[PDB]
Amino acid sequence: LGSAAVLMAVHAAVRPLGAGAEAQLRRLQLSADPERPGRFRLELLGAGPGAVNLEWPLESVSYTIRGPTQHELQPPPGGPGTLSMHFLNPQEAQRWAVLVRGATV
């Protein structure tokens, strides 16, 4: 028995970069990692193999801001490769970015 609460969710159009190439809207969220107390995980809901969730410890990921509505994420190996996220609005993207940064500290 463990525990894993959702800190923030946002939505973005997500494209794999290695595909060169359609983007699909996805919920991204940050939650407590139930395996590791004090730490956070990033989930991309339904984007894995059998529409499963992609999920990673936050420290295993590299996250960059390319512009106000464009982020990129680098998952650890084994995953989909570099992902591009395009935000509907800049203020949601920026709250998300700062939260990802704070959770990473």
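When you see a residue number, it is the position in the sequence shown, counting from 1.
The stretch of deposited sequence separating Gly20 from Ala21 contains 1 to 3 residues lacking coordinates in this entry.
Across the two stretches, 9-17 and 93-101, the PDB entry reports the greater mean Cα temperature factor for 9-17. Mean CA temperature factor is higher for 33-41 when stretches 33-41 and 60-68 are set side by side in the entry. In this PDB entry, the Cα temperature factor of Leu54 sits in the middle third of its chain's modelled residues.
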